[PDB]
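run_38.cif (mmCIF, C-alpha atoms)
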```cif
data_target
loop_
_atom_site.label_atom_id
_atom_site.label_comp_id
_atom_site.auth_asym_id
_atom_site.auth_seq_id
_atom_site.Cartn_x
_atom_site.Cartn_y
_atom_site.Cartn_z
CA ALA D 1 63.56 -76.42 31.42
CA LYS D 2 63.48 -79.54 33.58
CA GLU D 3 59.70 -79.33 33.93
CA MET D 4 58.26 -82.21 35.96
CA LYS D 5 54.73 -81.39 34.75
CA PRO D 6 55.38 -80.22 31.17
CA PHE D 7 52.48 -79.02 29.03
CA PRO D 8 50.41 -80.86 28.00
CA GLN D 9 49.60 -83.01 31.03
CA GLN D 10 46.15 -83.72 29.53
CA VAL D 11 44.87 -85.50 32.63
CA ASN D 12 41.56 -87.34 32.96
CA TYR D 13 39.88 -86.41 36.23
CA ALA D 14 37.45 -88.96 37.63
CA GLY D 15 33.81 -88.29 36.81
CA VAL D 16 34.45 -85.54 34.27
CA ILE D 17 34.13 -85.31 30.50
CA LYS D 18 36.17 -83.34 27.96
CA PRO D 19 35.04 -82.12 24.53
CA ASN D 20 35.03 -85.41 22.59
CA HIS D 21 34.35 -84.40 18.99
CA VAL D 22 38.03 -83.54 18.48
CA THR D 23 41.31 -85.20 19.46
CA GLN D 24 43.28 -84.33 22.59
CA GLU D 25 45.95 -83.05 20.21
CA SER D 26 43.38 -80.63 18.81
CA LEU D 27 42.47 -79.51 22.33
CA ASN D 28 46.14 -78.97 23.16
CA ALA D 29 46.77 -77.09 19.91
CA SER D 30 43.88 -74.73 20.61
CA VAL D 31 45.32 -73.99 24.05
CA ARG D 32 48.83 -73.39 22.67
CA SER D 33 47.50 -71.00 20.04
CA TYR D 34 45.28 -69.17 22.50
CA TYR D 35 48.19 -68.82 24.93
CA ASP D 36 50.49 -67.37 22.28
CA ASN D 37 47.89 -64.74 21.40
CA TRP D 38 47.14 -63.99 25.06
CA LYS D 39 50.85 -63.54 25.84
CA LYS D 40 51.41 -61.34 22.79
CA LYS D 41 48.60 -58.98 23.78
CA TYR D 42 48.59 -59.03 27.59
CA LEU D 43 51.93 -60.18 29.00
CA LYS D 44 54.07 -57.11 29.72
CA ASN D 45 57.58 -56.45 31.01
CA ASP D 46 58.04 -52.73 30.34
CA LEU D 47 58.13 -51.29 33.87
CA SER D 48 60.85 -48.64 33.99
CA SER D 49 60.52 -48.78 37.78
CA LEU D 50 61.15 -52.53 37.82
CA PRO D 51 63.35 -53.94 35.02
CA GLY D 52 62.81 -57.67 34.57
CA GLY D 53 59.43 -57.55 36.24
CA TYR D 54 56.32 -58.81 34.45
CA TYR D 55 52.62 -58.03 34.78
CA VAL D 56 49.37 -58.53 32.87
CA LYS D 57 47.84 -55.60 30.97
CA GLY D 58 44.35 -54.84 32.22
CA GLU D 59 41.59 -52.64 30.84
CA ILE D 60 42.02 -48.89 30.52
CA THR D 61 40.84 -47.38 33.80
CA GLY D 62 40.87 -44.21 35.87
CA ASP D 63 43.80 -43.12 38.00
CA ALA D 64 44.27 -44.59 41.47
CA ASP D 65 45.84 -42.29 44.06
CA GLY D 66 47.50 -40.32 41.27
CA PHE D 67 48.88 -43.45 39.61
CA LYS D 68 47.94 -44.92 36.24
CA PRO D 69 46.94 -48.58 36.74
CA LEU D 70 48.55 -50.86 34.16
CA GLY D 71 47.54 -54.15 35.76
CA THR D 72 46.14 -55.61 38.97
CA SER D 73 46.92 -58.43 41.38
CA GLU D 74 43.90 -60.23 39.90
CA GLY D 75 45.59 -60.29 36.50
CA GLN D 76 48.95 -61.06 38.09
CA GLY D 77 47.41 -64.19 39.59
CA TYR D 78 45.85 -65.32 36.31
CA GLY D 79 49.13 -64.75 34.50
CA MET D 80 51.17 -66.67 37.05
CA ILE D 81 48.96 -69.76 36.92
CA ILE D 82 48.83 -69.66 33.11
CA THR D 83 52.61 -69.32 32.89
CA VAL D 84 53.45 -72.31 35.08
CA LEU D 85 50.93 -74.50 33.26
CA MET D 86 52.37 -73.58 29.87
CA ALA D 87 55.89 -74.49 30.98
CA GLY D 88 57.14 -77.29 28.75
CA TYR D 89 55.70 -75.46 25.75
CA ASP D 90 57.00 -71.95 26.40
CA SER D 91 60.75 -72.32 26.89
CA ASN D 92 60.88 -69.02 28.77
CA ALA D 93 58.12 -69.96 31.23
CA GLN D 94 60.27 -70.00 34.37
CA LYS D 95 61.95 -66.69 33.53
CA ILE D 96 58.54 -65.10 32.94
CA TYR D 97 57.17 -66.67 36.11
CA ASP D 98 60.04 -65.43 38.27
CA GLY D 99 59.53 -62.00 36.72
CA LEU D 100 55.84 -62.07 37.60
CA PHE D 101 56.79 -63.09 41.15
CA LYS D 102 59.31 -60.24 41.31
CA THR D 103 56.51 -57.79 40.53
CA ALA D 104 54.16 -59.45 43.02
CA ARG D 105 56.63 -59.05 45.89
CA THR D 106 58.00 -55.64 44.88
CA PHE D 107 54.46 -54.26 44.68
CA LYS D 108 53.73 -55.71 48.12
CA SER D 109 50.67 -54.60 50.06
CA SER D 110 50.86 -51.48 52.22
CA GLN D 111 48.88 -53.42 54.83
CA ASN D 112 50.11 -57.04 55.04
CA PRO D 113 53.58 -57.10 53.38
CA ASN D 114 53.21 -60.82 52.66
CA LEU D 115 50.50 -60.00 50.12
CA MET D 116 50.44 -57.99 46.89
CA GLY D 117 49.04 -54.48 46.53
CA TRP D 118 46.17 -54.62 44.05
CA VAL D 119 47.53 -52.07 41.56
CA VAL D 120 50.56 -52.34 39.28
CA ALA D 121 51.65 -48.86 38.17
CA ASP D 122 55.01 -47.86 36.69
CA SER D 123 56.40 -45.85 39.59
CA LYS D 124 58.70 -46.61 42.51
CA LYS D 125 56.21 -44.70 44.67
CA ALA D 126 53.47 -47.20 43.81
CA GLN D 127 55.59 -50.11 45.04
CA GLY D 128 54.16 -50.83 48.48
CA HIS D 129 51.48 -48.15 48.24
CA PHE D 130 48.30 -50.19 47.68
CA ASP D 131 46.41 -52.65 49.88
CA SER D 132 45.38 -56.16 48.78
CA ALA D 133 42.52 -57.95 47.04
CA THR D 134 41.85 -61.51 48.19
CA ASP D 135 41.44 -63.20 44.80
CA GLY D 136 44.72 -61.92 43.39
CA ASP D 137 46.65 -63.30 46.35
CA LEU D 138 44.79 -66.62 46.25
CA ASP D 139 45.80 -67.21 42.63
CA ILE D 140 49.35 -65.95 43.22
CA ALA D 141 49.87 -68.16 46.29
CA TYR D 142 48.42 -71.15 44.45
CA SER D 143 50.67 -70.52 41.44
CA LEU D 144 53.67 -70.88 43.75
CA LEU D 145 52.52 -74.39 44.68
CA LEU D 146 52.28 -75.17 40.96
CA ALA D 147 55.76 -73.69 40.45
CA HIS D 148 57.09 -75.91 43.24
CA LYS D 149 55.73 -79.06 41.59
CA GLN D 150 56.80 -77.85 38.14
CA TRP D 151 60.42 -76.86 38.78
CA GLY D 152 61.13 -77.69 42.41
CA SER D 153 62.14 -75.09 45.00
CA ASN D 154 65.91 -75.58 45.07
CA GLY D 155 66.69 -72.82 42.59
CA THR D 156 66.75 -69.03 42.74
CA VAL D 157 63.22 -68.87 44.16
CA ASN D 158 62.12 -71.20 46.96
CA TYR D 159 58.58 -71.55 45.58
CA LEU D 160 57.27 -73.80 48.35
CA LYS D 161 58.57 -71.57 51.14
CA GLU D 162 57.23 -68.47 49.41
CA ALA D 163 53.86 -70.21 49.03
CA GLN D 164 53.65 -71.28 52.67
CA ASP D 165 54.58 -67.78 53.85
CA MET D 166 52.02 -66.11 51.57
CA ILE D 167 49.31 -68.63 52.51
CA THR D 168 49.89 -68.54 56.27
CA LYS D 169 51.42 -65.14 57.03
CA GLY D 170 49.38 -63.43 54.33
CA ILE D 171 46.01 -64.91 53.37
CA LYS D 172 45.19 -66.73 56.61
CA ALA D 173 46.27 -63.82 58.79
CA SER D 174 44.49 -61.07 56.84
CA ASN D 175 41.72 -62.68 54.78
CA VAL D 176 40.40 -65.70 56.69
CA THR D 177 37.74 -64.25 58.99
CA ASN D 178 36.79 -65.34 62.50
CA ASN D 179 33.60 -66.73 60.96
CA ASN D 180 35.71 -68.86 58.62
CA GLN D 181 34.87 -66.98 55.43
CA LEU D 182 37.12 -64.91 53.18
CA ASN D 183 36.97 -61.12 53.36
CA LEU D 184 37.63 -58.76 50.44
CA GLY D 185 41.24 -57.80 51.14
CA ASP D 186 43.75 -57.11 53.91
CA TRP D 187 42.14 -53.69 54.41
CA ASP D 188 38.92 -55.43 55.47
CA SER D 189 38.00 -56.52 59.00
CA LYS D 190 39.06 -59.85 60.50
CA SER D 191 35.40 -60.26 61.47
CA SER D 192 33.98 -58.96 58.19
CA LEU D 193 30.89 -60.66 56.81
CA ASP D 194 31.43 -59.09 53.38
CA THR D 195 32.61 -61.68 50.86
CA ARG D 196 33.06 -62.16 47.10
CA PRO D 197 32.01 -65.68 45.99
CA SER D 198 34.46 -65.69 43.09
CA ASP D 199 37.15 -65.73 45.83
CA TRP D 200 35.81 -69.11 47.03
CA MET D 201 38.50 -71.04 45.18
CA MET D 202 37.73 -74.39 46.75
CA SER D 203 40.37 -76.41 44.91
CA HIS D 204 43.05 -73.83 45.79
CA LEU D 205 42.16 -74.14 49.47
CA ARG D 206 42.42 -77.93 49.22
CA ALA D 207 46.02 -77.51 48.05
CA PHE D 208 46.71 -74.96 50.79
CA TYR D 209 45.71 -77.62 53.28
CA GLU D 210 47.85 -80.37 51.77
CA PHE D 211 50.95 -78.16 51.54
CA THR D 212 50.64 -76.56 54.99
CA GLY D 213 48.85 -79.19 57.07
CA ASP D 214 46.73 -76.35 58.47
CA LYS D 215 43.18 -77.62 59.03
CA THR D 216 42.00 -73.99 58.88
CA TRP D 217 41.68 -74.36 55.12
CA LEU D 218 39.37 -77.37 55.41
CA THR D 219 37.25 -75.49 57.95
CA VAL D 220 36.94 -72.60 55.49
CA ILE D 221 36.06 -74.89 52.58
CA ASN D 222 33.33 -76.65 54.54
CA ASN D 223 31.88 -73.38 55.80
CA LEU D 224 31.87 -71.75 52.37
CA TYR D 225 29.91 -74.71 50.98
CA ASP D 226 27.39 -74.29 53.80
CA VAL D 227 27.14 -70.57 52.99
CA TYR D 228 26.65 -71.24 49.27
CA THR D 229 23.82 -73.69 49.92
CA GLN D 230 22.09 -71.53 52.53
CA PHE D 231 22.31 -68.58 50.13
CA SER D 232 21.10 -70.43 47.06
CA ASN D 233 18.25 -72.34 48.68
CA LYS D 234 16.79 -68.97 49.66
CA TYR D 235 17.82 -66.56 46.91
CA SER D 236 18.46 -68.74 43.85
CA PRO D 237 16.35 -71.89 44.34
CA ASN D 238 15.79 -72.28 40.60
CA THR D 239 19.12 -71.19 39.09
CA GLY D 240 21.70 -72.12 41.73
CA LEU D 241 23.51 -68.83 41.08
CA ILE D 242 25.17 -66.52 43.59
CA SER D 243 25.68 -62.74 43.64
CA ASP D 244 28.87 -60.78 42.91
CA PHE D 245 29.08 -59.95 46.61
CA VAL D 246 27.44 -61.58 49.61
CA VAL D 247 26.82 -60.04 53.03
CA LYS D 248 25.77 -61.02 56.56
CA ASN D 249 25.03 -64.30 58.33
CA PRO D 250 22.80 -65.89 57.24
CA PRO D 251 24.13 -64.85 53.80
CA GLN D 252 22.14 -62.45 51.64
CA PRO D 253 22.79 -60.78 48.29
CA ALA D 254 24.83 -57.60 48.68
CA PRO D 255 22.89 -54.39 48.07
CA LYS D 256 23.08 -52.68 44.68
CA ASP D 257 26.05 -50.32 44.34
CA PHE D 258 27.96 -52.28 46.99
CA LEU D 259 31.23 -50.41 47.61
CA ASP D 260 30.09 -48.74 44.40
CA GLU D 261 31.61 -51.59 42.38
CA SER D 262 28.57 -51.70 40.09
CA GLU D 263 24.79 -51.40 40.15
CA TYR D 264 24.52 -55.18 39.82
CA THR D 265 26.46 -56.27 42.90
CA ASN D 266 23.26 -57.95 44.13
CA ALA D 267 23.10 -60.23 41.09
CA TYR D 268 25.10 -62.72 39.01
CA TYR D 269 27.35 -60.22 37.25
CA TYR D 270 30.98 -59.92 36.13
CA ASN D 271 32.50 -60.86 39.48
CA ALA D 272 30.32 -63.95 40.05
CA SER D 273 30.66 -65.08 36.42
CA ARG D 274 33.88 -66.76 37.53
CA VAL D 275 32.31 -68.84 40.31
CA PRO D 276 31.22 -71.90 38.28
CA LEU D 277 34.82 -72.71 37.37
CA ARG D 278 36.17 -72.16 40.88
CA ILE D 279 33.53 -74.51 42.31
CA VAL D 280 33.55 -77.32 39.72
CA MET D 281 37.32 -77.73 39.94
CA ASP D 282 36.86 -79.06 43.48
CA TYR D 283 34.78 -82.00 42.27
CA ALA D 284 37.14 -82.74 39.39
CA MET D 285 40.35 -82.50 41.41
CA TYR D 286 39.24 -83.67 44.86
CA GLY D 287 35.94 -85.48 44.29
CA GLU D 288 33.89 -83.10 46.45
CA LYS D 289 30.25 -84.15 46.00
CA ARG D 290 28.92 -80.74 47.08
CA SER D 291 30.72 -79.23 44.09
CA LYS D 292 28.97 -81.53 41.63
CA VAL D 293 25.56 -80.69 43.11
CA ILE D 294 26.15 -76.94 42.82
CA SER D 295 27.67 -77.32 39.34
CA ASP D 296 24.87 -79.50 37.95
CA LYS D 297 22.18 -77.11 39.18
CA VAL D 298 23.74 -74.12 37.43
CA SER D 299 24.58 -76.18 34.33
CA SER D 300 21.05 -77.52 33.97
CA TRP D 301 19.58 -74.05 34.41
CA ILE D 302 21.74 -72.29 31.82
CA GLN D 303 21.21 -75.09 29.31
CA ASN D 304 17.41 -74.76 29.52
CA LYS D 305 17.71 -70.95 29.56
CA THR D 306 19.64 -70.95 26.27
CA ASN D 307 18.02 -74.05 24.79
CA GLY D 308 21.45 -75.65 24.46
CA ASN D 309 23.00 -72.75 22.54
CA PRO D 310 26.12 -71.27 24.22
CA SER D 311 25.99 -68.17 22.00
CA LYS D 312 22.68 -67.28 23.67
CA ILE D 313 24.33 -66.80 27.06
CA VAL D 314 24.37 -63.13 28.09
CA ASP D 315 26.63 -61.07 30.35
CA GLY D 316 24.66 -60.96 33.58
CA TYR D 317 21.57 -62.42 35.23
CA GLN D 318 19.31 -61.65 38.15
CA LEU D 319 19.33 -64.48 40.70
CA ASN D 320 15.91 -65.60 39.44
CA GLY D 321 17.31 -66.11 35.95
CA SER D 322 16.03 -62.95 34.25
CA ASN D 323 18.55 -61.16 32.03
CA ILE D 324 20.82 -58.23 32.85
CA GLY D 325 23.28 -58.70 29.98
CA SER D 326 22.90 -58.75 26.19
CA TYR D 327 25.79 -60.66 24.62
CA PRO D 328 28.09 -63.69 25.01
CA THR D 329 31.50 -63.02 26.54
CA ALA D 330 33.92 -65.76 27.64
CA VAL D 331 34.13 -64.90 31.34
CA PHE D 332 30.44 -65.87 31.47
CA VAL D 333 30.23 -68.55 28.77
CA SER D 334 33.30 -70.61 29.56
CA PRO D 335 32.66 -71.14 33.28
CA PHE D 336 29.10 -72.26 32.43
CA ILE D 337 30.63 -74.87 30.13
CA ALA D 338 33.14 -75.93 32.79
CA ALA D 339 30.33 -76.35 35.33
CA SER D 340 28.76 -78.87 32.93
CA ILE D 341 31.63 -81.39 32.81
CA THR D 342 30.54 -83.57 35.75
CA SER D 343 27.63 -85.20 33.89
CA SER D 344 28.25 -87.20 30.72
CA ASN D 345 24.75 -86.35 29.50
CA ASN D 346 26.12 -82.83 28.86
CA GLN D 347 28.54 -83.97 26.14
CA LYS D 348 26.83 -82.15 23.26
CA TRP D 349 26.65 -78.92 25.29
CA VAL D 350 30.30 -79.23 26.30
CA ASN D 351 31.33 -79.78 22.67
CA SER D 352 29.32 -76.75 21.53
CA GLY D 353 30.81 -74.71 24.35
CA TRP D 354 34.31 -75.71 23.32
CA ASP D 355 33.62 -74.65 19.73
CA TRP D 356 32.43 -71.26 20.98
CA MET D 357 35.35 -70.54 23.33
CA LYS D 358 38.38 -72.13 21.60
CA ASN D 359 39.21 -69.09 19.45
CA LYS D 360 37.18 -66.41 21.24
CA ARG D 361 39.32 -63.28 21.65
CA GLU D 362 37.94 -60.04 23.09
CA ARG D 363 39.79 -58.38 25.99
CA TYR D 364 41.92 -58.88 29.10
CA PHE D 365 39.23 -60.13 31.48
CA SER D 366 37.39 -62.61 29.28
CA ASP D 367 40.52 -63.79 27.44
CA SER D 368 42.44 -64.45 30.66
CA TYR D 369 39.66 -66.33 32.38
CA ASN D 370 38.85 -68.12 29.11
CA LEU D 371 42.43 -69.41 28.89
CA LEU D 372 42.27 -70.63 32.49
CA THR D 373 38.96 -72.37 31.78
CA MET D 374 40.34 -73.91 28.57
CA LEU D 375 43.40 -75.19 30.43
CA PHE D 376 41.14 -76.83 32.98
CA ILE D 377 38.56 -78.43 30.69
CA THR D 378 41.25 -79.88 28.41
CA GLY D 379 42.91 -81.54 31.40
CA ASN D 380 45.99 -79.36 31.18
CA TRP D 381 45.55 -77.80 34.60
CA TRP D 382 47.06 -80.62 36.65
CA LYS D 383 46.80 -81.18 40.39
CA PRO D 384 49.67 -80.11 42.68
CA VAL D 385 50.23 -82.64 45.48
CA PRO D 386 52.92 -82.79 48.22
#
```
Structure rendered as structure tokens:
Amino acid sequence: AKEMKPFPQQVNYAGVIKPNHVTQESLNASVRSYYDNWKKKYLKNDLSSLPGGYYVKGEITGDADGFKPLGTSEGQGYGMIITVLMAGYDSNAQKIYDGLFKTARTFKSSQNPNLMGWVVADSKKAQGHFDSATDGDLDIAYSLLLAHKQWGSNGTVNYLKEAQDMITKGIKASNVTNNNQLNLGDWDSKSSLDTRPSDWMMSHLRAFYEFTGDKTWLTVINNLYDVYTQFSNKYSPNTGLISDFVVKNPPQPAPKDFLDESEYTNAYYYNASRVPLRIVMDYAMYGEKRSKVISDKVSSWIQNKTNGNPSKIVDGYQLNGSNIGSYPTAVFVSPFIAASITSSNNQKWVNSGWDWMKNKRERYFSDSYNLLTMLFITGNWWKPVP
């Protein structure tokens, strides 16, 4: 209730196109329907160890330190952003959001208490047991800025204060490196040169700057763009892609089996699949020219690669464009479509992409990122400003 940015905000960012073969009402309806299905299948609030707490159900996975992972901070972040944006439509949005925040702070990191431990498990012993993952905290911290602009911070939860504390005492202190990059988590070194490009949430960092006044965030943004370009000009001159993990300075693709995450950590795989959306949002929301350049390169490449057919996109590519994957999944498809919105000559491709993703349901990872992408390309992911 009392939303100041009620769904649908359906904004028109400068220099960007939306699917135009259907009405905005149709776009909004697709998002509402997708959200209801996503919530029904993934939004949970059954933690015996934390009544009233909410989390997002992830994929079935192996035990972690004797605990059974039910969700992660990554999913917590996606869920928190989605929830604030759907406020105005979902009458219980704020209750759900505060419940997600309760979980985020209860399951605080064992390293930096201002961050969230990466694993949500139903046990009191798991609360404060795990260390952090940079992307989860970035989305969580950013969601608090959205919450502040959505409901204000005068109620039960001081969203703005919580955001500033998490951003400054948490992310800046533990994840911003001395080389002005972002490390992998609060367990990683302050001078670490190991980074995950999907963590380069440019538009989030812009907001961090505006709501804190800390120039550190602008320094990081500018450096990450330099790193992207130096990396791509050497390792992906024809595709404009980046690898799941990046190492060293100058930047290079991480080796295969990096931290044993997967055998494709040196290529454009499941982690990096998210990058196109994170980057393009900076051009749309803040007019960053470097974002449009990076986005157009990737967009043009994937369009030629698939001959304009979104269903021909596969789940994984080598940096030179050769295939790793075999089928179309939303965490790959949707960001490629989002990266194409800065050039009006991509209208047909954007429309086809919308048709492909609008009702695409598969699993936690693709569905969650698909909903975020859909919220953004329909103009329903508004910009939080002081």
Q.
Could you check the closest approach to residue 243 in chain D for each of D:318, D:28, D:230, D:186 and tell me which residue wins, using all atoms listed in the file?
A.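 Under the stated criterion, the closest residue is D:318.
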Q | Residues near residue 253 in chain D, cut-off 12 Å, only C-alpha atoms, skip fewer than 4 positions along chain, as a ChimeraX atom specification | A | /D:193-197,227-228,230-232,234-236,241-249,257-258,264-269,272,318-319
(Q) From the options D:213, D:152, D:69, D:353, which residue's atoms come nearest to residue 340 in chain D, counting only C-alpha atoms? (A)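 For residue 340 in chain D, the nearest of the given residues is D:353.
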**Q.** Close residues, range 342-349 of chain D itself excluded, 12 Å, all atoms listed in the file, min 5 positions apart in chain, as an NGL selection string
**A.** :D and (12-21 or 276-277 or 279-285 or 287-300 or 302-304 or 306-311 or 333-334 or 336-337 or 354-356 or 377)
Q: Taking the file above as input, evaluate the PyMOL selection byres ((chain D and resi 216-224) around 7) and report the hits as a PyMOL selection string.
A: chain D and resi 180-181+202+205-206+208-209+214-215+225-228
Would you mind exporting the chosen residues as a PDB file, in the coordinates of the input, restricted to C-alpha atoms?
```pdb
ATOM      1  CA  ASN D 180      35.710 -68.860  58.620  1.00  0.00           C
ATOM      2  CA  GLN D 181      34.870 -66.980  55.430  1.00  0.00           C
ATOM      3  CA  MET D 202      37.730 -74.390  46.750  1.00  0.00           C
ATOM      4  CA  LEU D 205      42.160 -74.140  49.470  1.00  0.00           C
ATOM      5  CA  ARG D 206      42.420 -77.930  49.220  1.00  0.00           C
ATOM      6  CA  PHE D 208      46.710 -74.960  50.790  1.00  0.00           C
ATOM      7  CA  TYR D 209      45.710 -77.620  53.280  1.00  0.00           C
ATOM      8  CA  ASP D 214      46.730 -76.350  58.470  1.00  0.00           C
ATOM      9  CA  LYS D 215      43.180 -77.620  59.030  1.00  0.00           C
ATOM     10  CA  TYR D 225      29.910 -74.710  50.980  1.00  0.00           C
ATOM     11  CA  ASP D 226      27.390 -74.290  53.800  1.00  0.00           C
ATOM     12  CA  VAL D 227      27.140 -70.570  52.990  1.00  0.00           C
ATOM     13  CA  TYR D 228      26.650 -71.240  49.270  1.00  0.00           C
TER      14      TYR D 228
END
```
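Closest approach to residue 134 in chain D among D:87, D:184, D:121, D:1: D:184, based on only C-alpha atoms.
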Q: Kindly resolve the PyMOL selection byres ((chain D and resi 49) around 9) on the present coordinates and return the residues as a PyMOL selection string.
A: chain D and resi 46-48+50-51+53+121-124+127
Q: Decode the PyMOL selection byres ((chain D and resi 107) around 7) for the given file into explicit residues and return them as a list in words.
A: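 With the PyMOL selection byres ((chain D and resi 107) around 7) on this model, the match is residues 103, 104, 105, 106, 108, 109, 116, 117, 120, 127 and 128 of chain D.
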Q | Nearby residues (all atoms listed in the file) at most 8 Å from residue 11 in chain D, same-chain spacing under 2 positions excluded, as number ranges by chain | A | D: 9, 13, 378-382
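If you look at CA of residue 163 in chain D and CA of residue 59 in chain D, they are 28.1 Å away from each other.
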Q: Rounded to one decimal place, report the CA of residue 72 in chain D-CA of residue 58 in chain D distance in Å.
A: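 It comes out at 7.0 Å.
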Q: Please provide as a count of residues only all residues within 9 Å of residue 84 in chain D, with the sequence filter that same-chain residues fewer than 4 positions apart are discarded (counting all atoms listed in the file).
A: 11
Q) Which one of D:110, D:271, D:23, D:229 sits closest to residue 315 in chain D if you count all atoms listed in the file? A)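 For residue 315 in chain D, the nearest of the candidates is D:271.
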